[PDB]
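Each remark here refers to the structure printed beneath this line.
As the structure lists them, so they are numbered: ligands from 1, and atoms in each ligand from 1. Labels below follow one simple rule: chain letters A, B, ... track the order of the sequence lines, proteins then strands, and each chain is numbered from 1. Just so you know, these numbers use all the heavy atoms, side chains as well, and skip hydrogens, waters and symmetry mates.
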Amino acid sequence: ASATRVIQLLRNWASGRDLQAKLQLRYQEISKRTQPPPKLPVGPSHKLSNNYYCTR
Amino acid sequence: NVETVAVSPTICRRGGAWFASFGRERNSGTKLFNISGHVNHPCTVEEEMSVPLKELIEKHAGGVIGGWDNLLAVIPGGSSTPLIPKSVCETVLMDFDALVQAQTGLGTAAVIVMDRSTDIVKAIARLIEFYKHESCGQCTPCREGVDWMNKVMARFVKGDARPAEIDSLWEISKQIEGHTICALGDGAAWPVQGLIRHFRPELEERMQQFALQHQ
Ligand code: SF4
């Protein structure tokens with residue numbers, strides 16, 4: 001947050017809490033909007049043998 | 001069968017008791033044997049029914065090429081019977097009940113021997129290709145499943161598969177066997193089952209070699 005030190009002190013005293021530790025505006029701490037590809041594993045029924053549907 | 005028809009006049013002339021004198025109970029008479037493959041003297045010979053396989057091979061076929069220790073596997077009753085390794089062929093007899101007990105079946109008493117110098121997977125795949133080329137195509141299990149097994153065995157010969165596919169091929173063979181119009185499907189399923197049962201480590205080794213050299 002681009003806030004002056006005096007204004008930060010005034011708002012901290014007025015609220016009674018330290019605002020800088022828990023800010024309500026998002027910043028660079030959030031994840032990138034471009035992500036690597038996933039792999040997404042398969043479920044338990046993807047076996048090649050001993051997988052007859054009548055048993056599940 | 002031709003042999004069944006041809007032995008009948010001799011049976012009538014000499015009596016059924018004479019014919020039943022040979023062989024064990026429920027396996028009586030004499031049989032024609034065709035020994036072929038990796039033997040010094042491949043040949044056709046008529047001999048008493050319940051002869052030991054090793055004794056027949058040594059006495060009439062001249063022994064296994066390179067000696068008895070050189071033996072790798074035997075197909076005892078034609079291409080439709082599962083293979084057996086040396087440990088089974090050591091002390092097995094040649095008749096219906098004893099060969100069924102060895103999980104093979106007497107079949108047509110056509111002995112095809114293979115020494116330790118032959119690709120057993122290649123031989124089984126060639127047999128499966130024969131069965132693919134010989135199915136009449138009437139019923140779907142034989143037609144589609146034998147085509148499928150032929151493709152899978154062709155991939156197996158190179159190791160292009162994964163170890164999990166061995167059990168899948170076994171299940172495919174079971175799905176073919178007992179579900180077809182005639183016994184050609186059974187005769188194609190049994191050699192695959194025998195090859196898996198007696199040489200799964202070789203198939204896995206081939207798969208590992210292919211994966212290693214293909215990465
Ligand atoms: S199992 Fe017999 S009837 Fe069925 S497709 Fe094969 S050869 Fe034809």
I'd like to know if B:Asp97 and B:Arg26 make a salt bridge, using a cut-off of under 4.0 Å between side-chain N and carboxylate O. no
B:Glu204 with B:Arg200: basic N within carboxylate O range, under 4.0 Å: yes
Quick test of your reading of the model: are B:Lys174 and B:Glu177 salt-bridged, counting only N-O distances below 4.0 Å? yes
Leaving waters out, which protein N, O or S atoms fall under 2.8 Å from atom 8 (Fe) of ligand 1? B:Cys136 SG
Salt bridge between B:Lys31 and B:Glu46, side-chain N to carboxylate O under 4.0 Å? no
Hey, what do you get for CG (B:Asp119) to CD1 (B:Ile124), rounding to the nearest 0.5 Å? 10.5 Å
When you check the gap from the basic side-chain N to the acidic O, do B:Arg206 and B:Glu202 get nearer than 4.0 Å? yes
